[PDB]
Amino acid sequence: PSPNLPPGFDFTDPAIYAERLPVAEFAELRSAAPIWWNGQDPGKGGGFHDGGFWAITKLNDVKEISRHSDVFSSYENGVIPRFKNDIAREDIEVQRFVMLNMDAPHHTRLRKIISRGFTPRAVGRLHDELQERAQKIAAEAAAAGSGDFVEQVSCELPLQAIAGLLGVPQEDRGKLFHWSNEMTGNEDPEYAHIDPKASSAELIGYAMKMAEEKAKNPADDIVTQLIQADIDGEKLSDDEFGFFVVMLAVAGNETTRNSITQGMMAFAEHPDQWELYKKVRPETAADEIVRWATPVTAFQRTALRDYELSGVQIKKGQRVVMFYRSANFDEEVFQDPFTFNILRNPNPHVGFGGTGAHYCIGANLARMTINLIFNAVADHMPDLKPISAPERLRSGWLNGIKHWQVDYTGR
């Protein structure tokens, strides 16, 4: 029995996400066709011209694909499943220069090096400065009385996290943030004029300039650690560092921002959870917010060989799209998945991907950013109330909130 979906429904259609999350449609697949071929008409494949893809809606399938990276490749078609329909193939393949879109062994080398900058020590050293900034952000927003939660609360701290990790001087953080905000959102009319390719070129240039500067004058931030050769001569070239910085902007900015915005949307919809958060401040909240927000709706892989997955035959060369937004509400894994429960524990969500070679290296940095900012929101604007509905981002793989008017005070 075919799933009850509209003829031609495409789960990567940006026009859906500009309006809503296709929650009921995902649940229909989980029940009636947990692995479902998503057909795509000619020229409507968001940059991919292969007829469609396998929709992966169950968490254990998402995990199986993510563990078997030897079969399911990130390099072959990249992991973003939707661009503008007219994007040139070469602009897809230039994205192979970031570690996210690499397969082993190239990925293994880069991840090993880049792991130097995401040790628990490197991340935890940012705690106090980020905590201060979180408090300052929330204080300034509340003093404005009312405004755009996305811009006055959610946007800044993720960017300051990246700047702090990289040791970006304060004078430069303005243009770093600008470049990072021009990397995604390309398909929304409000951002139709951003040029992601131009922005990345400038970022790489700035990043390479910082790499050579930091070689001359080592410090104790991670840039020095990344570009200094270890015993085996391993280190990031200047351009490899540039592509690393580009990836941090792509992977660590709007995702965390959107977790914060939608975390607060969840709290506004579930005031008992909000009261419980304000009293207890449970850090488990961070994972339930990420599960609820699932900022990355989906990443894809490409089969390098035939592979049978939960009784479905994936063919060599076919794309499989991991719908984290569906898997994070999988009734077979989660107790009451549609209950927002900041105490959920354990919380095996795949908001940071499925466990495997590409698992989000910034997951704990993100969790700390979320906990710090929501502590500050609780400290400075505990009676925050929305004014109007959120505006969603037109994107086929990012679950974004562009704007959200809130009254930071009671009235």
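Whichever C-alpha set is largest while still superposing within 1.5 Å between the two forms counts as the rigid core. We number the residues from 1 along the sequence you see.
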Stretch with larger C-alpha RMS deviation in 8 other deposited structures of this protein, core superposed, 253-261 versus 180-188: 180-188
Rigid core superposition result in 8 other deposited structures of this protein, more deviant of 138-146, 233-241 by Cα: 233-241
Unmodelled in at least a third of other entries of this protein, residue 275: no
No coordinates for residue 216 in a third or more of the other PDB entries: yes
Mean Cα B-factor comparison, 68-76 or 167-175, giving the higher one as deposited: 167-175
Residue stretch of maximal mean CA temperature factor, 185-193 vs 323-331: 185-193
Residue selected from 284, 261, 255, 225 by maximal Cα B factor: 225
Candidate set 278, 301, 291, 96 [ranked by C-alpha B-factor, highest]: 278
Ranked against its chain, the third holding the CA B-factor of residue 81: lowest
Residue 295 - Cα temperature factor, lowest/middle/highest third of chain: lowest
Position of residue 384 among the chain's modelled residues by C-alpha B-factor, lowest, middle or highest third: highest
Residue 91 - which third its CA temperature factor falls in, relative to the rest of the chain: middle
Where the record places residue 232 (Cα B-factor, split into thirds across the chain): highest
